[PDB]
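Some notes on the structure that comes next.
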Amino acid sequence: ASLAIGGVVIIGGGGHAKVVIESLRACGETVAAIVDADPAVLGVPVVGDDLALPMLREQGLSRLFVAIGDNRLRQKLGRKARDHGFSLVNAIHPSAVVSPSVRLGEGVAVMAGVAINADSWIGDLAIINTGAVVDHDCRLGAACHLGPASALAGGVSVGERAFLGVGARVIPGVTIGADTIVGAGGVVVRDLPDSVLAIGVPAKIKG
Amino acid sequence: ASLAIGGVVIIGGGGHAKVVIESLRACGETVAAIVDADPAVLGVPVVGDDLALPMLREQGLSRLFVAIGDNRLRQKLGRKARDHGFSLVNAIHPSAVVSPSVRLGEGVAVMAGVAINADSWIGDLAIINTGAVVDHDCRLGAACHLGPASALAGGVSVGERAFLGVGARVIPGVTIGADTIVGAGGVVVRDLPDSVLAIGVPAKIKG
Amino acid sequence: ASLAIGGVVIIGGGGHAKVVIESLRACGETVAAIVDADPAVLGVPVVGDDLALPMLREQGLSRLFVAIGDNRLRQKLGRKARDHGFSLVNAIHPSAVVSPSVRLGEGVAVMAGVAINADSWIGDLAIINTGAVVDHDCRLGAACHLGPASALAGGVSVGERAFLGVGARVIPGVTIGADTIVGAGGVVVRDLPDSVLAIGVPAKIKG
Ligand SMILES: CC(C)(COP(=O)(O)OP(=O)(O)OC[C@H]1O[C@@H](n2cnc3c(N)ncnc32)[C@H](O)[C@@H]1OP(=O)(O)O)[C@@H](O)C(=O)NCCC(=O)NCCS
Ligand SMILES: CC(C)(COP(=O)(O)OP(=O)(O)OC[C@H]1O[C@@H](n2cnc3c(N)ncnc32)[C@H](O)[C@@H]1OP(=O)(O)O)[C@@H](O)C(=O)NCCC(=O)NCCS
Ligand SMILES: CC(C)(COP(=O)(O)OP(=O)(O)OC[C@H]1O[C@@H](n2cnc3c(N)ncnc32)[C@H](O)[C@@H]1OP(=O)(O)O)[C@@H](O)C(=O)NCCC(=O)NCCS
Ligand SMILES: CC(=O)N[C@H]1[C@H](O)[C@H](O)[C@@H](OP(=O)(O)OP(=O)(O)OC[C@H]2O[C@@H](n3cnc4c(=O)[nH]c(N)nc43)[C@H](O)[C@@H]2O)O[C@@H]1C
Ligand SMILES: CC(=O)N[C@H]1[C@H](O)[C@H](O)[C@@H](OP(=O)(O)OP(=O)(O)OC[C@H]2O[C@@H](n3cnc4c(=O)[nH]c(N)nc43)[C@H](O)[C@@H]2O)O[C@@H]1C
Ligand SMILES: CC(=O)N[C@H]1[C@H](O)[C@H](O)[C@@H](OP(=O)(O)OP(=O)(O)OC[C@H]2O[C@@H](n3cnc4c(=O)[nH]c(N)nc43)[C@H](O)[C@@H]2O)O[C@@H]1C
Ligand SMILES: [Cl-]
Ligand SMILES: [Cl-]
Ligand SMILES: [Cl-]
Ligand SMILES: [Cl-]
Ligand SMILES: [Cl-]
Ligand SMILES: [Cl-]
């Protein structure tokens, strides 16, 4: 628990955390410490579990990222971090292309190779994973996850906590409900309700 | 209709125009005005419909981009713009990787995150949309459209006005006819004639 | 056979070589000569077939790249080049994003637009082709080939000489055997043994 002055605290110490750490460092940020439910990751010390958050705040650390893949859990831990007095930073790799008219929330991960086009809105705690494409006028709800190499054409809306697997695609104007999962490679050609799983080319709901 | 000296005139004021405007600005270009069939877009004034083109030319504007998604219409409006004395510029996002041996036409859109490899030829008025990949020795006909996150392997030929939906893929050496549509996610494994629709993995013509 | 002092020798003079040459030049390297079984490519002289390798070495050239698409042949020619006293360079386009914790072998091609994330290991003579994504903690065996716009999620292992076609996708934690082929667009959702062909969404072994 001895730490430097000023860096970012990470909740989570798994594979997703490794990628987030590297995005932060590529921007010139310092990663101070990890809290993990199993109480180092790429040279960052694991200092305890989430009970260590008050201690970290008291010692002057005030900036945090939630590096947890599970969308519902990430959302819950973001709220906890904010309650403890932390501000949620963004982890945006410098190679990502984020249009100047994009609206970004807080606690957002944007991985290497991403492109996000004009007038898209990205909710708090979203993940836009490696190589993903978000075209113009999209709306991404809080804590959703666009997996690696996924792509949204224009005017797509993605509900809170929805998850699109590696290489999923969505055609223009479609709306996907909250808590829905699109399997890897699924090609979504019609609106999806909340709380379903859809797979295939074209994607079809699986009961 | 009062405008600055020197910028680019845009035909079209929709979603595609927004993305094109941002590519142009990312390169340091100034966008002077829009003409739209409904007579501002990201701060660019809409000054009239296409009947305003002579007026614009007379006031010294001579550079133009056709930001219209529909391929046949785009092609027609490009010809009209040239007849009115405009030169068609290219709108190439600075993040796109365009090989030094690529041959580019005029009025071409190349969005963020694109890669185009050696000895590919890109016809006038083509769109190479966000994140798309064009491998070596490809031939893209005038006014075709490679949609977001689409990919052509080596030696692929795409006919005039053809359209490949989001995430379409084409294997090496295939030829796709003029006016053909490949649905989102379609994986083209054999030559396609002119004026067909093909969908699926592998892509199959739908009557 | 008169050449400059210091550049890279290329085995192979086909389409793949063109792309490799351009990656090398984008990095500031000089390409000295090609050896090809048919005894210029983008301005690089073809000086003979592989029997010219001793001659090249004797004249002071010591750096080489094997620009051959076929994985088994590439692997064989890499061994031959090393036996003749050449060091195998890497051909990594400057636009590729290679994480600082990635382990790279020798003779590796990494094309434009690629992203490779944390703690991935890339075997000698691998090809990571245009726009491909390799997420965290992946293991790519010697002489494998990830085709254009392909994507591996986290923790994927790819065997020696395996080949993933354009736009193939692999979900987290999957292992693909040596010498296996995944067709274009295939979405791999379960481990694959050695020496099979798998196609489709989801990918299925074809006898
Ligand atoms: C669709 C998915 C959620 C199913 O998970 P699951 O229900 O645990 O599925 P299983 O692995 O048991 O497979 C159940 C069945 O679905 C099929 N299937 C699995 N994934 C599929 C996919 N993406 N597309 C089409 N079919 C799929 C299987 O072939 C199997 O078929 P069967 O009943 O003929 O045996 C999952 O396979 C998937 O695609 N996850 C996305 C993961 C991802 O991309 N992560 C990236 C993290 S950044
Ligand atoms: C293929 C396509 C052209 C069909 O358009 P459409 O004929 O208006 O089709 P509909 O939405 O009425 O769907 C007709 C049928 O095709 C199926 N389908 C639609 N798109 C499909 C696709 N891409 N792949 C496979 N099947 C598809 C539907 O499930 C429906 O099946 P059904 O008869 O069982 O109900 C269109 O869905 C598409 O893929 N457009 C590409 C758009 C795009 O990517 N734009 C990017 C702009 S930059
Ligand atoms: C799968 C593959 C290896 C098959 O090659 P092949 O056996 O010579 O196949 P053919 O072209 O004769 O097609 C055999 C059959 O497979 C089907 N098919 C071919 N490729 C397919 C694919 N990728 N996915 C699904 N089906 C496919 C065909 O429609 C045909 O079906 P049929 O028996 O109904 O006529 C090949 O088509 C492929 O995908 N190659 C990947 C190439 C690539 O991406 N290169 C990039 C280089 S960097
Ligand atoms: C590209 C890709 O496939 N990325 C995947 C990755 O492959 C994994 O499937 C997954 O990454 P994640 O890093 O979340 O999972 P894992 O590697 O299993 O690590 C989860 C970490 O979270 C920790 N953890 C879980 N619950 C909590 C919790 O409540 N609090 C804290 N502080 N840590 C927690 C857990 O102990 C573990 O170290 O999700 C990502 C989206
Ligand atoms: C990534 C993506 O999905 N992009 C799509 C996008 O989502 C749309 O589906 C579509 O974009 P486009 O901008 O062409 O469409 P829309 O947003 O509908 O705007 C078309 C504009 O063109 C105008 N227009 C149509 N006909 C003409 C015409 O004849 N002349 C002029 N000057 N303008 C015209 C029309 O008034 C409108 O403002 O095409 C793109 C390829
Ligand atoms: C993006 C894409 O589709 N790339 C493909 C590309 O489209 C081709 O299908 C293929 O490229 P490659 O350049 O290997 O193939 P090709 O264009 O046919 O050229 C092979 C070259 O290797 C030469 N060659 C073959 N065997 C040998 C050999 O034994 N030694 C030497 N020195 N050269 C050899 C042959 O003479 C020819 O010039 O593989 C790539 C992965
Ligand atoms: Cl650090
Ligand atoms: Cl359905
Ligand atoms: Cl402007
Ligand atoms: Cl067919
Ligand atoms: Cl050179
Ligand atoms: Cl199978």
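As shown in the structure tokens, the chain order sets the letters A, B, ...; within each chain, residues go from 1, and ligands are also counted from 1 in the order they appear.
Using only C-alpha atoms, the protein and nucleic acid residues lying no more than 8 Å from residue 9 of chain A, apart from those fewer than 6 places from it along its own chain, are residues 31, 32, 33, 34, 35, 61, 62, 63, 64 and 65 of chain A.
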Pull C-alpha atoms from the residues just selected and write them as a short mmCIF file (atom, residue, chain, number, x, y, z; two decimals), in the first residue's frame.
data_model
loop_
_atom_site.label_atom_id
_atom_site.label_comp_id
_atom_site.auth_asym_id
_atom_site.auth_seq_id
_atom_site.Cartn_x
_atom_site.Cartn_y
_atom_site.Cartn_z
CA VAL A 31 -1.78 3.47 -13.19
CA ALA A 32 -1.47 3.59 -9.39
CA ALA A 33 -2.98 0.31 -8.14
CA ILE A 34 -5.51 -2.48 -8.73
CA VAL A 35 -8.29 -3.70 -6.45
CA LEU A 61 -6.16 8.97 -5.20
CA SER A 62 -9.33 10.18 -6.86
CA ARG A 63 -9.32 8.89 -10.45
CA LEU A 64 -10.58 5.38 -11.28
CA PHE A 65 -11.41 2.98 -14.15
#
Taking a cut-off of 10 Å and counting only C-alpha atoms, can you build a table that, for each residue of chain B near chain C, reports the nearest atom pair and how far apart they are in Å (one decimal), sorted by chain then residue number, as a tab-separated table?
residue	atom	partner	partner_atom	distance
B:95	CA	C:95	CA	8.7
B:96	CA	C:113	CA	8.7
B:97	CA	C:112	CA	7.0
B:98	CA	C:112	CA	9.4
B:99	CA	C:22	CA	7.4
B:100	CA	C:22	CA	8.0
B:101	CA	C:42	CA	8.4
B:113	CA	C:113	CA	7.2
B:114	CA	C:113	CA	7.5
B:115	CA	C:113	CA	6.3
B:116	CA	C:112	CA	8.6
B:117	CA	C:19	CA	6.5
B:118	CA	C:19	CA	5.8
B:119	CA	C:18	CA	8.4
B:131	CA	C:131	CA	8.2
B:132	CA	C:131	CA	8.4
B:133	CA	C:131	CA	6.6
B:134	CA	C:130	CA	8.5
B:135	CA	C:130	CA	7.2
B:136	CA	C:15	CA	6.6
B:137	CA	C:15	CA	7.5
B:149	CA	C:149	CA	8.2
B:150	CA	C:149	CA	8.3
B:151	CA	C:149	CA	6.5
B:152	CA	C:166	CA	7.9
B:153	CA	C:166	CA	6.7
B:154	CA	C:15	CA	7.7
B:155	CA	C:15	CA	8.8
B:167	CA	C:167	CA	8.3
B:168	CA	C:167	CA	8.6
B:169	CA	C:167	CA	6.6
B:170	CA	C:166	CA	7.6
B:171	CA	C:166	CA	6.8
B:172	CA	C:166	CA	9.0
B:185	CA	C:185	CA	8.3
B:186	CA	C:185	CA	8.5
B:187	CA	C:185	CA	6.3
B:188	CA	C:184	CA	8.8
B:189	CA	C:184	CA	8.4
B:200	CA	C:201	CA	9.6
B:201	CA	C:200	CA	6.3
B:202	CA	C:200	CA	7.6
Can you tell me which residues sit at most 7 Å away from ligand 10, counting only C-alpha atoms and all ligand atoms, written as an NGL selection string? :B and (203-205)
DSSP-assigned alpha helix (DSSP H) members of chain A, reported as JSON, numbers by chain: {"A": [15, 16, 17, 18, 19, 20, 21, 22, 23, 24, 25, 26, 53, 54, 55, 56, 57, 58, 71, 72, 73, 74, 75, 76, 77, 78, 79, 80, 81, 82, 83]}
